[PDB]
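Letter by letter, the chains look like this.
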Amino acid sequence: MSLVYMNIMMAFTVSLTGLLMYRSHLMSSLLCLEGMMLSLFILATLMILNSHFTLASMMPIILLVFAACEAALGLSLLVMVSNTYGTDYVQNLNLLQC
Amino acid sequence: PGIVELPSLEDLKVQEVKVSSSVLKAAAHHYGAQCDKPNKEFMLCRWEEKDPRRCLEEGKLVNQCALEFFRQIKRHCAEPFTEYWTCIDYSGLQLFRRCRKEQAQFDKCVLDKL
Amino acid sequence: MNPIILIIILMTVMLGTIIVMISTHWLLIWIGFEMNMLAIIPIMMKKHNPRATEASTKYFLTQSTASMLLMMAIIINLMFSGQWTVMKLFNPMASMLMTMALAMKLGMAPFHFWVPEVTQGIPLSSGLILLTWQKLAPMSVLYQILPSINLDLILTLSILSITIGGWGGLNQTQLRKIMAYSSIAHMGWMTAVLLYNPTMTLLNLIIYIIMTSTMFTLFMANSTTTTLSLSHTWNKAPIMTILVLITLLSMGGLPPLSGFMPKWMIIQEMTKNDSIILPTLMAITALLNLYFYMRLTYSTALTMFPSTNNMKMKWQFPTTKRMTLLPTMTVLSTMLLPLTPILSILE
Amino acid sequence: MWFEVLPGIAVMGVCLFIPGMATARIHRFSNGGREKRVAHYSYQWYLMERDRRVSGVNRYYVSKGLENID
Amino acid sequence: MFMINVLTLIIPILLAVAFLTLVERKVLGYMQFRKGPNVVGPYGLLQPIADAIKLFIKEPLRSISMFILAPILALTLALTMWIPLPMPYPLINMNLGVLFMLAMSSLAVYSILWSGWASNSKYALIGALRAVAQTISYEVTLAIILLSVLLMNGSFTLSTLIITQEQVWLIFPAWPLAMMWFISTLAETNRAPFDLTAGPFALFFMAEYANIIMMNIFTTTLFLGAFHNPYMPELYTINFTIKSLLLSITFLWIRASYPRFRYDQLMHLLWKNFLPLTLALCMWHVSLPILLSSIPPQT
Amino acid sequence: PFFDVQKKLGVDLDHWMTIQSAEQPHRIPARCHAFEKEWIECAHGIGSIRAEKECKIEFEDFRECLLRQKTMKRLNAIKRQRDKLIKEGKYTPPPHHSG
Amino acid sequence: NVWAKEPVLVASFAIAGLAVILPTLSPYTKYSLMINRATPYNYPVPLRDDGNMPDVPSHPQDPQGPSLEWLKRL
Amino acid sequence: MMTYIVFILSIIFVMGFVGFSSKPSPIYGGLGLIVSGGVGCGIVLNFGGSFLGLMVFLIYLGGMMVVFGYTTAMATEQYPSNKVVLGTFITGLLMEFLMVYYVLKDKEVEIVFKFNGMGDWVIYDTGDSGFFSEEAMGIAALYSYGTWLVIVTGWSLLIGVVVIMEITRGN
Amino acid sequence: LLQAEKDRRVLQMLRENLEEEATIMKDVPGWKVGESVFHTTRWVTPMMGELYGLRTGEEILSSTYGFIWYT
Amino acid sequence: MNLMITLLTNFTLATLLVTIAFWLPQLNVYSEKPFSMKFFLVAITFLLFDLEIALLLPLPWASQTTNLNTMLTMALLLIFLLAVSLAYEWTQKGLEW
């Protein structure tokens, strides 16, 4: 099953848990989302290059340019959060209580 | 599961055309010109049945036609064929537009004598 | 903003959901989900409070991780039998991740933590468009990929979504959280049938979309967000009372009214299998999620709360609002009992 | 005048001249005088591998010219 | 022999940058009325050598890992960025090298931002943030113009480029594109008129001027030069070196003359003057080979 | 749903990115081209469940062409037997550098 | 007019408009199509003889098939 | 310095992912993700890989970490460690060493899969006459075949630009 | 000509490999000697472990990974 | 791996240059003693133009194919959309100072 895929998916799972649990900021969470993006990119790229899957080789470049503009949107949102406060903590977001 | 069919070295022994890169590349136009009329039989064999371990006969045939081709070019003109491929040899990836004088000399050689 | 810019952005929301609808490929489906996200962000934060800022933050994080988990499931699908066709998958694990990603995408009860929080601090147009199109988009994908799903996932998410959407709201007075909990409950009902006959699921989707449009249009009849504002809508106009009454009771699911039709036909094509414990559990919780509807009704439609003057001042002025299409959707969404054999319109 | 700036120019140009000369002489010096076979395509690498195979020296540049005809 | 190739590349980078500093100081001196320097030794060579020595024996003081990690990246770019530069036989025959140029320029932007973060919360770091912003506003222009000037060359391989430059120079089919690209080289070298902006200052200074010599060598290869005659490559080496030297003297010579911009005038000028003109010249270079029936031999 | 403007206008805007074995631009194949051609020609007018029931052999063949799983299993087994018999010392191997 | 206002913009739109329109006038796009179609990469396959075609020349020297001669004649 | 050079670079790749998913300060996380992107570029160029891996390296390292460190430096401070961060690094290092243990000392590793952990030269081509690449004509599609896809891609990016300016105070 | 050489060479590698496998697994249970694991008995292209097994480093590095980082 | 050897030698020699810059002087003598919005617009502006550069730049590898009309069409469409984004922020007074 091409054992590089094993620890790539393992590091994917660890990147996903890094996206999930985080205690202080949000930029670190978005950065772990970018690392997860890199994991998906690398896995798809190694597969399409292995299979001689020459016709639809659009997948890794289009995947990364789209999730790139996703990350740009996340940066603009975190700038708006940090601009309506002094910081970008996970705390001071508890308003609009449930 | 199913056993395989590998024909052994009984049929897998023909003397190779053991010349190098640049000589075989510079001799290519005449190699495809006079001979390589029956290698399209081999290629048609290969594309109509994509199972090598079938077309061994015409692989042997194109090997011996290449060997006879080089014998025929060795006994006759030229010895400056050797000059021509060592002219084209050391030019990195071989631009055919580098060596032109000895291309003309080999042209006049092959056209007059053969 | 500009009106031309809003024309373009709503056009792109339309285009993104259509690309989700239309392609036989996976990449275009993921691009449709992403474009849906990118274009539905600026409809929120249409005003300029930090409430909508934190709501957009929560929505972006959950929406993004759902899209990334979906792309993970697709690349696992091509680790197994390799093609980009939208059909049956070839992994229990990839289908597991795919149903979990779509469950975060639309909102099930393990994943419902962002939905009331994002639907509270936003204007009403943003909430309406996110509810309608974000529940319209993944159900197309689920309709297409249905024959490869283990039933434990859809069943557990459906049961848990109906019961948590029931149990939430009984403490809640904000109307947006009430409607979002109702959205969770109806998405559980829309999910629990899909492995049996998906025609009922898409029919319940149509009915719920028309009901939600009528609901938020009658909440856009004037600027109201709490119940006491609805008591003022009682004392300022009588027709809004009876229309909110009938739309609330159609969300309740009572037989001489149109909102019963998605419930009962689902019960039918459920119970043509040997599923009995599941309909009686789902229908007891469908009895449960009628109580907050009924206390809203009891508050501001049939009792008469005391009101405040300057409603005297408001009496001089006409209701010069715009309605997108209110009465058509209302009486089509309430009196639609005897057209139950318009089930078969969906093929 | 600027007769004196010319030695600095010349010495720094010698310092720019040296790495290309060293590189070119090392390629022509450690490949039997033949230029190092630049290869970008899998066709040419397959050709180079069968070239270094049929030479027997386990060096691709020996080039074994026109002797195994018999 | 391959490590000997590496040593013959990266031992003359020290001598090259140091003698570049004496050359630019003498050249600025004769641009003015100055013989600077000539007193300290024979025509001022031991003065840059011993001055580099004195700069290494300064004994400075002081986050420490970041302060380690920034100039090491800068100088390893300055070393590892003369690899595919095809002084006739390049070090590594990369299939694509120009995109490697772009990637390692972005690594230089990393270096500047890490130094600005290591500068420990200063109005200088705000200025360095602005310098990072202006430096990052240029790799758009450089990549798009580089894309167009390789579009008339087919492949990224750069040996095809040294094939293309035999008949006429490539400066004639694209001169204004070349002009904008040379202004972008002035831009990427972070020197005059594009300014402003602790230790180890010798290593950081070394990184900047090796980046200058890289940009001038790449300029000289990209637009002009001579013919690669085999079995005597030193002729091409000499003619290439002379042209690159004249271009680098012209580069410092244009630095010798004009005041430096305003930051907002720099942004205004960059976007609203280069960027539509890049797009227009590039779409014309796209539609050019289809209207001359001359697409290059992409092998 | 599954809308078919895709078929109503009849444009192959999506039917090239879809599988392997379509028309690659320079006409080069993939690794398991004939396996896809046989499995698709097994499963054309087939109702997607008897596709599981009656195209089993060539689908497993395509899967083991794509991943090459049991071949690597057998290769690992042969290498471990090689390790235990070179630990044994019988025939210090003339596989390498001989026939 | 605007020739003094933003002149680089005017030159940009001018060269852009000619870059858009200018492919409508060409005697050379057919030459581009013939060049970029008639360059062989893969192997020119053989085929079975007995279709009885008055085409498909059996000898590569034989000019009975469609070929190129405007190449060497520029 | 052995056969498993792709596997070793994969191990350093997992090390970098654990290095920023152990939740450090975000500029240290950006450092670790630069390390991760460089070694992932190494992995894909080991598969060759000549075009696409070093291609999007420009977009990933050449376009993302710069903007992340830019925003991280300008927005908040964390200006001058905690046991939870280093404990996450301990757990990641231990699970990595456990995977190394079960790969190298056993036959196969199965979480829910079948991984044959050995020399991953398999799978690879038997030196066919490619003569361009796979990636060359691969990405040299999108123009003779990609009608719809690049149109909706560029359209999505234009909408991305107008979304960004609206959020950051359009107009 | 090169194609015929490649075919002779890969058949030679397969023949050598199956002879050495017949030796190297001579006393193991199971293990049919010529297992095409694929049910369809056709020509399948080997995967460089079927060709370049049992070589220990040198030629498998020059063959599998030779072009990929030559120069 | 040749380029890996080059990277290794350059990295190690540069680290030795840094340690010559730091741990050389043995004479241990005497040890003694807010952000803006318009910074952020430039980065995202660069980012989105860089993404559209990534879309554009495989153009010259594509130049050898038959469908020349569609190539020229979508290429002009891509550069036109890029210039439309630039003109949009240009006319909506975005990047101004």
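What counts and how
Residues numbered from 1 in each chain as written, not as in the entry; some residues may be left out. Chains lettered and ligands numbered in written order. Part of a larger assembly, values for the part shown. Heavy atoms only, no water. Helix = DSSP H or I, 4+ residues; strand = E, 2+ residues; numbered from the N terminus. Contact = heavy atoms within 4.5 Å. Buried area = accessible area lost by both parts, 1.4 Å probe. Salt bridge = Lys/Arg side-chain N within 4 Å of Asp/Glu carboxyl O. Nonpolar A, V, L, I, M, F, W, Y, C, P; charged D, E, K, R; others polar. Disulfide = S-S within 2.5 Å. Buried < 20%, exposed > 50% of the residue type's maximum accessible area, 1.4 Å probe, protein only. Axes fitted to C-alpha atoms, helices over the stretch in contact; angles between N-to-C directions. Parallel < 35°, antiparallel > 145°, perpendicular 65-115°, else oblique. Left-handed = near helix turned anticlockwise from the far one by under 90°. 1 Å grid on protein atoms, 1.4 Å probe; cavity = no way out; pocket = protein on both sides within 12 Å on 5 of 7 lines; lining within 4 Å. Points joined across faces, edges and corners; volume = space filled by probe spheres on them. Polar contact = N/O pair within 3.5 Å; in protein donor to acceptor, adjacent residues only side chain to side chain.

Method of determination, as given in the entry header: cryo-EM; reported resolution: 4.1 Å.

Colleague: Even after reading the chapter, I still don't get unusual backbone geometry, so can you show me in this structure?
Modeller: The phi angle of most residues is negative, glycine excepted, and most peptide bonds adopt the trans form. Omega for the bond connecting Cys-77 of chain B with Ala-78 of chain B falls within 30 degrees of zero, at 10°, which places this linkage in the cis form. At the junction of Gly-199 of chain E and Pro-200 of chain E, the peptide bond is cis and its omega measures out at -10° in the coordinates. One non-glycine residue with positive phi stands out, namely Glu-59 of chain E, at about 55°. Within the secondary structure, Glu-59 of chain E sits in the loop between α3 (46-56) and α4 (64-80). One non-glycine residue, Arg-169 of chain H, lies in positive phi territory at about 75°. The residue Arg-169 of chain H is located in the segment after α7 (148-167) in this model.

Colleague: Which parts of the structure should I look at to understand the interface of chain B and chain G?
Modeller: Where interface size is quoted, it is often the accessible area lost as the parts come together. On the side of chain G, seven residues touch chain B, which itself brings six residues to the contact. With both chains or domains summed, chain B and chain G bury close to 690 Å², and 63% of this area falls on carbon and sulfur atoms. Applying the counting criterion to the chain B and chain G interface returns zero salt bridges. At four residues, helix α3 (residues 39-48) of chain B tops the list of elements feeding residues into the side of chain B that touches chain G. Grouping the amino acids of the side of chain B that touches chain G by side-chain chemistry returns four nonpolar, no polar and two charged.

Colleague: Please explain the state of the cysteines as it appears in this structure.
Modeller: By definition, a disulfide is the covalent link that joins the sulfur atoms of two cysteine residues. For the coordinates displayed, the defined rule picks out six disulfides over all chains. Here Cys-87 of chain B is linked by a disulfide to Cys-99 of chain B, with a sulfur-sulfur distance of 2.0 Å. When the S-S torsion is 115°, as for the bridge of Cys-87 of chain B with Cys-99 of chain B, the disulfide is right-handed. Highlighted residues: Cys-87 of chain B in helix α5 (residues 80-89) and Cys-99 of chain B in the loop between α5 and α6 (101-113), separated in sequence by 12 residues. Take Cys-87 of chain B: its relative accessible area is 23%, and that puts it in the partly exposed class. The side chain of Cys-42 of chain F participates in a disulfide bridge whose partner is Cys-55 of chain F; the two sulfur atoms lie 2.0 Å from each other. Classification of the bridge connecting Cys-42 of chain F and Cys-55 of chain F rests on its S-S torsion, roughly -105°, and on that basis the disulfide is left-handed. In this pair, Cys-42 of chain F is assigned in helix α2 (residues 33-42) and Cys-55 of chain F in the loop between α3 (50-54) and α4 (56-66), connecting sequence segments 13 residues apart. The partly exposed category is assigned to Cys-42 of chain F, whose relative accessible area is 25%. The buried category is assigned to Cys-55 of chain F, whose relative accessible area is 5%.

Colleague: Explain the packing of helix α1 (residues 3-22) of chain C against helix α6 (residues 124-145) of chain C here, please?
Modeller: The relative placement of two packed helices is expressed as an angle between their axes plus a distance between the axes. All names here are of chain C. Here α1 crosses α6 at 15°, and the two axes come no closer than 9 Å. What the angle tells us is that α1 and α6 run roughly parallel. When you trace α1 past α6, the crossing you get is left-handed. Contacts from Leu-10, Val-13, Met-14, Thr-17, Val-20 and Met-21 of α1 reach α6 at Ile-129, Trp-133, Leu-136, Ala-137, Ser-140, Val-141 and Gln-144. Of the residues belonging to the contact of α1 with α6, the class tally is 10 nonpolar, three polar and no charged.

Colleague: Help me out: how do you make sense of the arrangement of the chains in this one?
Modeller: The assembly contains 27 pairs of chains in contact; the pair sharing the most contacts is chains A and H. No part of chain C reaches chain E; the closest C-alpha pair between them is 23 Å apart. Chain C makes no contact with chain G; the smallest distance between any of their C-alpha atoms is 25 Å.

Colleague: Mind showing me how you'd approach empty space enclosed by the protein here?
Modeller: Which parts of space are left empty comes out when a probe the size of a water molecule is rolled across the atoms. By volume, the second largest cavity is sized at about 240 Å³. As for the second largest cavity, its lining consists of 18 residues, and the residues nearest its centre are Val-286, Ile-290 and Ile-295 of chain E together with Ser-63 and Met-71 of chain J. Elements that contribute at least two residues to the lining of the second largest cavity include exactly α12 (263-290) of chain E, α2 (29-37) of chain G together with α3 (59-62) and α4 (68-91) of chain J.

Colleague: Help me understand the interface of chain A and chain H, please; the structure alone is not making it clear to me.
Modeller: The interface is formed by 57 residues belonging to chain A together with 68 residues belonging to chain H. The junction of chain A with chain H conceals about 5,500 Å² of combined surface from both sides, 80% of it contributed by carbon and sulfur atoms. Considering only the side of chain A, the residues that lose the most area to chain H are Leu-3, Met-6 and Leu-31 of chain A, jointly responsible for 13% of the buried surface there. Taken together, the connections running from chain A to chain H amount to zero salt bridges. Summed over the shared surface of chain A and chain H, the result is four residue pairs in polar contact. When contributions to the side of chain A that touches chain H are tallied by element, the ones reaching two or more residues are α1 (4-20), α2 (27-50) and α3 (59-83) of chain A. Here the side of chain A that touches chain H is built from residues that sort into 37 nonpolar, 17 polar and three charged.

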